[PDB]
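Only one chain is given next, in structure tokens, and it is the form deposited in one PDB entry.
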């Protein structure tokens, strides 16, 4: 039986997904479809320019409707083609159950009539230039109204959006209003007092006063950022804040006693008026980024009262054309007892010392400090030792060079107690002195430095808690026998992209240190171009995962018997990545020398044109085999062998023309199979013996299926349809004639 909502796909929770189908009108679906059960209909990025009274009339329990990007205004069209969307008067009134509507990125100039059931309305990036009391008649349950981007450089209109005084007072339930990028010069008058979120960023509102926020005493978030910009930082078209602006009255915010979040970013602020924060006792988030507060933060008392503040953004408060020799934060930061997160990135200052951050040093809840992109060249990392709550320091993208004068394969540090990011700095050697006071660290990132050192066991000595060390993108010379042995808790080591030493033809390297790392569980040697003159064996009783992708095992395994047991000493290994190793051949004997403990083997993007499937019996614990991106021309040469525990097989992006009968029949644990992007002209149940009904995933997209009338694959795919992703749209014909490139459902082949 056919998928029920062709050409669309039924997804969980009553979602009918019609996205990206190039539809010119709303599909009606068959009278046999359960139109009753449809709660959400997605029509994202089709090319529907005309909506009709009958379009949604049969979807009698429809709650969510997404029509975004159907008819973009010329400024937002990728080719600047104009578009105007017509909407018959009852299009949405015919859906009395509708709760959420997205009409954004559509060329409409008025708000259509809407049912009184509506709770959320998105009208962003349309050409609606006015809201008056008749625009939103009857929407007494509306809680969210987003209408951003109706008049700006990507969607110009030649005037300000006009929201008439009191236009929205009839929306007595309205809690969220967003009117960003609308060329406003004043705040709309007499907005609904129920508002909790008012977002007015990236307009040209350059004066504020208490009268502009009259009666908005329920506000929890107010965003007025980006209304008076510093164009020297801008990535986009930008007009400079005029001289002597902005003008924000002392008492602008003083009635907003419930305010939790205030955004004053990119407002050309050189000074902070302490009165702005008076009476904001519930304020937890303050964004002051992209202002000119570099001197103010050394002297201000404006933070004195902010006892509930959790997150403070001061990023990109830099002085044009300069960096500072020194920076000393004001004493008043010490009263921020709730502070959890401070962002000081992009201020530009050259020395980080005891005095810089002293007011923060006893703040008990301070967990995350962002100090990246500051051109810091001298950093006393010892300053952090006695910070009582610190979990994360970002010092990446600086100029520090020393002491002062798949998570399967590599875990992240997100769950760890103390992480320092020193990636993208200027280290060329690692000296232990710089880490002397950092013995509490669990994770250290040193990726993308210039480390060129023959590490030997003396570099990381103080780091006795360190579990994860990221040295990727450096030039470490792997040679000495005791590298990394000074890290007694090391579990994960990333040495990927340290290729330059391995490219020194004629100079060998030594990986014997891996055997000396008794706690190591995850290692990456990926993208190192390892190809000759290296240790003949890697050895570890502890290692679980090894990423060896992006090397030349092809060259190693061609050199007689030298490297045929290279991985065999990894006695507990469960996951191995041998992707992108230029492999044109394997021997069964070579596969049999991989660790018998292996559960996952990746061989992606090699050049294998043959695979001896019987050799899988040599890997009796194997559950996942990834052969995507090779050059197989068939699934033949014996079938999957009896007894295999294989659960997942990926042979996508090969050149597979046919599969032998019964190829998969003996893989009784097989659940996921990817045949995508091969040269298969059919899909046959006989491939599977009598076990095709057991598959949970069968991907057959991007194959040149032969769509002859009565083609047998059609019935088969309908029988297993629950397992086939994208069946309604991405399973396409390669032939005959005009069917080439069309869905197998474009015409009824039965």
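For clarity, a rigid core is taken as the largest C-alpha set superposing within 1.5 Å between two forms. Numbering follows the first chain given and starts at 1.
Note: missing coordinates for residue 676 occur in none of the other compared entries bracketing this position, so the one-third threshold is not reached. When the other compared entries with both flanking residues are checked, residue 467 is modelled in all of them, not unmodelled in a third. In the deposited sequence, the stretch from residue 405 to residue 406 hides 10 or more residues that have no coordinates.
Higher average CA B factor: 323-331, of the stretches 323-331 and 464-472. Averaged over Cα atoms, the B-factor as recorded in the entry is higher for 67-75 than for the other of 495-503 and 67-75. Which of 477, 212, 626, 577 has the largest Cα B-factor in the deposited entry comes down to 212. The top Cα temperature factor in the record, among 444, 570, 238, 139, falls on 139. Sort the modelled residues of the chain by CA B factor and residue 559 lands in the middle third.
Ranked by C-alpha B-factor against the other modelled residues of its chain, residue 450 falls in the lowest third. Ranked against the other modelled residues of its chain, the C-alpha B-factor of residue 384 as given in the entry falls in the middle third.
Residue 641: CA B factor in the highest third of modelled residues in this chain (values from the PDB entry). The deposited CA B-factor of residue 393 belongs to the lowest third of values across its chain.
FYI, the form deposited in another entry isn't displayed, but the following is about it.
In the core-aligned comparison between this form and the one not shown, the C-alpha of 478 is the only one from 469, 478, 293, 357 that shifts by 2 Å or more. Relative to the superposed rigid core, the position of the CA of residue 159 differs between this form and the one not shown by less than 2 Å. Here residue 501 counts as shifted, since its C-alpha moves by at least 2 Å between this form and the one not shown after the core is aligned. With a cut-off of 2 Å and the rigid core superposed, residue 235 has a Cα displacement that reaches or exceeds the cut-off between this form and the one not shown. Three angstroms is the minimum change: in that other deposited form, the CA atoms of residue 266 and residue 325 sit closer than in this structure, by 3 Å or more. In that other deposited form, the CA atoms of residue 325 and residue 288 sit closer together than in the displayed form, by at least 3 angstroms.
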